[PDB]
Amino acid sequence: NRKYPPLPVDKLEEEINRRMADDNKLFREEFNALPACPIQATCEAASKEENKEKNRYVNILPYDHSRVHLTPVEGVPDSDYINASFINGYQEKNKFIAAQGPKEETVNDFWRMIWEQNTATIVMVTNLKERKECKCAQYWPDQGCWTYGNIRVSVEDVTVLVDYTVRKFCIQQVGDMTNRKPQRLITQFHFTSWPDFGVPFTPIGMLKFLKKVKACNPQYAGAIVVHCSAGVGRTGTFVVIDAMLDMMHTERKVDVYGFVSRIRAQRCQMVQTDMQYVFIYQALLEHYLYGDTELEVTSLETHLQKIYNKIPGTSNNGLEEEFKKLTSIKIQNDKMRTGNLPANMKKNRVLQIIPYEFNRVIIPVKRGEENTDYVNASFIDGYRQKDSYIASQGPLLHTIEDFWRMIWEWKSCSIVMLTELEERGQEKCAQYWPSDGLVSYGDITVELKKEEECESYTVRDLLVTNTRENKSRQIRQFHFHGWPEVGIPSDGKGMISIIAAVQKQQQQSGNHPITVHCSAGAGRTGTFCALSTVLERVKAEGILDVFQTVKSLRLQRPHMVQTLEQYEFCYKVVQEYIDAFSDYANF
């Protein structure tokens, strides 16, 4: 096709911008211009009456020339069929299997394919359910061992992170004492962060996911099995990103149109929607613009020398270079509608800092009052859990009741306050806790039980009672006093201590969303969220990605880490934490 030729990388950003314009106008044309199939193909086996219960959809059928054949089972007619196809990589034939997520009745067939194909790696790009609709049968055990036909599957390990879960299994074909085959270590990469509507708010999760898959797949293994529900949409997105990253590295070009066309010779509808197609381009651009910003702790000193000094041939340091990339990202004005409604405008401290719709913190509608579901607060992904933080403005006098309804609704047991009530003679936050005894805000009563005074913060033990529900909760407020009226704290000691105190409270109260606020709920709030995530990850892995941590916050709530000095403070605290606990093994 001469209308969608390969794109050199230096025109990738410009072309994405043009193709994204007028509501993805030229991207939709491009996607709609994909061939259904560039070759003459048949689906005789897939269409056989005897195989009908083995397919999720009558119109998603593997082609005869590219289908994955199961070995015939003696006495079982039609036992050679599974809904799965071989798929080429950039330069490698049949690198992948694109498979349907098994149905209950094809779980055994799915495992037999994995065994027969010598597969080491399974890539799952669907949740089991979307809105109580089953997308995929759970084909793995949660603990111990289960036998699926003649394939014994034993749980080895499970690692849960915010964007994906990695599960290790020991598998073995059993049932023949005269032919005991050796066990195989299988790794399942489960992408859990694709939302039910739209695409991930950032492509970095998908790029990190792909990196781990590639690093883990061993020599001698057969095709990597990639599946979603139908095995064409998100499955196609994964395979095409992998191939196009290779093309970018080898040719300094991408050809998404050409590559998607090519793999459609092997399986119908690979990349099933315009939004999946656009997300491929977004992931390639993410890689091209930012590359790998993860640092092993032993690389941090070298990185900080770069960050804090002038970039040669420029008038900026590395900190300014990184910060300019963060501020160059677009605030999505069409996603900030609810906070901008006339009835909600007075509930916001700062017009430009209001939630995006996709992660806005929704509260119960009070009685029969419209626009009463709104608070200026956003759910933020952490290191291990989705919605780890509520990034909230500090309440106004007239939003304290809404603030408490939010805390109660979302089960927060940790409140982090990163402002004084007044700074530089300006009101920054309304007092929402009692200085002594009891205070009431609608259905929520708040009693002060204990105070402790730490070096940089006060801890207030609050007994919080919903008087409608007749239920009480112990909620701890961490009131940070270490933030100066101008600039940033002189050191990270206070920030490190308050993050540790919150982590302690979370561990013993059930790891509910942490309510984090300053005044407008972006600058200091963003710094606390960024550092809670970075310190948890550095402790777990000895890796830090300050740049992508802050970038993801900017994509979840406007101005998270609002200023250059706040961004500087993120690096200063991480450096101090590592230097303080330098003998910690993972570093």
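Residue numbering in chain A adheres to Swiss-Prot, whereby the residues present occupy positions 215-801 in order.
The deposited model was determined using X-ray crystallography, 1.8 Å.
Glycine residues also receive a Cβ, built from the backbone N, Cα and C atoms like all the rest.
Features as listed in Swiss-Prot:
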DOMAIN    241-501  domain 'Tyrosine-protein phosphatase 1'
BINDING   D410, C442, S443, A444, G445, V446, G447, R448, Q486  substrate binding site
DOMAIN    533-791  domain 'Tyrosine-protein phosphatase 2'
MOD_RES   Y798  phosphotyrosine
Under 8 Å Cβ-Cβ from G445 (substrate binding site), six or more apart in the same chain: what's there?
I274, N297, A298, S299, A312, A313, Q314, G315, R481
What Cα-Cα separation, expressed in whole Å, is found between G447 (substrate binding site) and the residue listed as 'phosphotyrosine'?
43
Any idea what the Cα distance is from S443 (substrate binding site) over to the residue listed as 'phosphotyrosine', rounded to a whole Å?
43
On the three-state reduction of DSSP, what should I expect for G447 (substrate binding site)?
helix
Measuring Cα to Cα, how many angstrom lie between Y798 (phosphotyrosine) and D410 (substrate binding site)?
40
CB neighbours of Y798 (phosphotyrosine) within 10 A?
13
What are the non-local neighbours of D410 (substrate binding site), defined as same-chain residues 6+ apart in sequence with CB under 8 A from its CB?
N341, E344, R345
Long-range same-chain neighbours of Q486 (substrate binding site), Cβ under 8 Å, sequence gap at least 6?
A444, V446, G447, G450
What does DSSP call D410 (substrate binding site) in the simple three-state scheme?
coil
